[PDB]
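Take a look at the structure set out below.
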Amino acid sequence: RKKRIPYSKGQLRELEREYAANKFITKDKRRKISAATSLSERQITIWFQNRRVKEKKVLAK
DNA sequence: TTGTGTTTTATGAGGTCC
DNA sequence: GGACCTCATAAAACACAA
Ligand SMILES: [Mg+2]
């Protein structure tokens with residue numbers, strides 16, 4: 001497949017800041033995050049998908 | 001500092017949207 | 001005629017009882 005590479009403190013800080021601002025990434029913010037973090041647009045899109053799955057688990061009960 | 005449950009990336013199947 | 005997300009899933013890495 002492709003062996004996963006965990007994101008740095010600096011990369012996660014940027015992703016969580018945007019996620020806190022909006023649960024859904026805009027095309028414009030995805031490019032900004034891509035430039036800031038060196039993650040691909042694809043990675044940023046997937047991380048948002050995964051973050052909403054995590055937030056959904058937090059609505060346990 | 002072992003072990004092995006949870007959390008974090010990453011994928012592909014199957015959906016919505018004129 | 002493509003871009004987008006939710007879902008179940010797998011595996012690498014983490015967190016921390018033991
Ligand atoms: Mg849907």
Side-chain angles (χ1 to χ4, degrees):
Chain A
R1 328 192 72 163
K2 197 220 138 173
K3 28 147 271 159
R4 79 158 194 109
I5 285 147
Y7 297 169
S8 76
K9 172 188 272 149
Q11 298 177 313
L12 289 174
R13 194 220 179 284
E14 265 283 295
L15 292 163
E16 293 288 1
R17 197 196 56 240
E18 271 306 327
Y19 186 81
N22 197 320
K23 297 186 189 307
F24 292 97
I25 196 60
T26 68
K27 294 177 190 297
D28 184 291
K29 264 66 96 53
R30 197 211 296 142
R31 291 183 210 112
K32 298 325 200 180
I33 293 189
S34 192
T37 63
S38 315
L39 298 166
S40 65
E41 293 213 354
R42 185 187 162 85
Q43 283 166 308
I44 293 152
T45 290
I46 288 153
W47 180 97
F48 270 79
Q49 298 175 359
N50 286 326
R51 193 58 187 84
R52 293 192 291 270
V53 163
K54 168 167 176 181
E55 184 183 286
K56 258 199 47 157
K57 284 170 190 165
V58 164
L59 217 308
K61 203 173 63 264

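Order of the sequence lines fixes the chain letters, A, B, ..., with proteins taken first and strands second; residue numbering starts at 1 for each chain. Side-chain atoms are counted along with the backbone in the values below, which use heavy atoms only and exclude waters and symmetry mates.
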Legend entry - Sidechain N-carboxylate O distance under 4.0 Å for A/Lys27, A/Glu41: no
Legend entry - Presence of salt bridge, A/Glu14 and A/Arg17, under 4.0 angstrom: yes
Legend entry - Pairwise side-chain contact, A/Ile46 with A/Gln49, heavy-atom cut-off 4.5 Å (strictly under): yes
Inset, instruction - Verify, without hydrogens or angle tests, whether A/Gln11 (side chain) and A/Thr37 (backbone) share a donor-acceptor contact under 3.5 angstrom. - result: yes
Legend entry - Heavy-atom pair with the smallest gap, counting every atom of A/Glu55 and A/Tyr19: OE1-OH, 2.7 Å
Legend entry - Sugar of B/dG15, sorted north or south by the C1'-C2'-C3'-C4' dihedral sign: north
Legend entry - Sub-4.0 Å heavy-atom contacts from residues 24-33 of chain A onto DNA chain B, ordered by number: none
Inset, instruction - Can you tell me the pairing partner of B/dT2 across any strand shown, Watson-Crick or G-U wobble, with both distances under 3.5 angstrom? - result: none
Legend entry - Donor-acceptor contact below 3.5 Å, side chain A/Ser34 vs main chain A/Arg30: no
Dump the pairs, protein N or O against N or O of nucleotides 4-10 of chain B, anything under 3.5 Å, distances to one decimal.
{"unit_1": "B/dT8", "atom_1": "OP1", "unit_2": "A/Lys54", "atom_2": "NZ", "d": "2.8"}
{"unit_1": "B/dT8", "atom_1": "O2", "unit_2": "A/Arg4", "atom_2": "NE", "d": "2.9"}
{"unit_1": "B/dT9", "atom_1": "OP1", "unit_2": "A/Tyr7", "atom_2": "N", "d": "2.8"}
{"unit_1": "B/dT9", "atom_1": "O5'", "unit_2": "A/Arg4", "atom_2": "NH1", "d": "3.0"}
{"unit_1": "B/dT9", "atom_1": "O4'", "unit_2": "A/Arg4", "atom_2": "NH1", "d": "3.2"}
{"unit_1": "B/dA10", "atom_1": "OP1", "unit_2": "A/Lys2", "atom_2": "NZ", "d": "3.3"}
{"unit_1": "B/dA10", "atom_1": "OP1", "unit_2": "A/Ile5", "atom_2": "N", "d": "3.2"}
{"unit_1": "B/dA10", "atom_1": "OP2", "unit_2": "A/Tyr7", "atom_2": "OH", "d": "2.5"}
{"unit_1": "B/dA10", "atom_1": "OP2", "unit_2": "A/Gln43", "atom_2": "NE2", "d": "3.1"}
{"unit_1": "B/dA10", "atom_1": "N7", "unit_2": "A/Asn50", "atom_2": "ND2", "d": "2.9"}
{"unit_1": "B/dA10", "atom_1": "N6", "unit_2": "A/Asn50", "atom_2": "OD1", "d": "3.2"}

Inset, instruction - Might you point out which heavy atoms bring A/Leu39 and A/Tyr7 nearest each other, and give the distance in Å? - result: CD2-CE2, 3.5 Å
Inset, instruction - Identify the two heavy atoms, one from A/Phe48 and one from A/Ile33, that lie closest to each other, and give their separation to 0.1 Å. - result: CE1-CD1, 4.3 Å
Legend entry - Base-pairing mate for C/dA12 - Watson-Crick or G-U, with both contacts under 3.5 Å: B/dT7
Legend entry - Protein-nucleotide distance (A/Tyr19, atom OH; C/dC5, atom P), rounded to Å: 12 Å
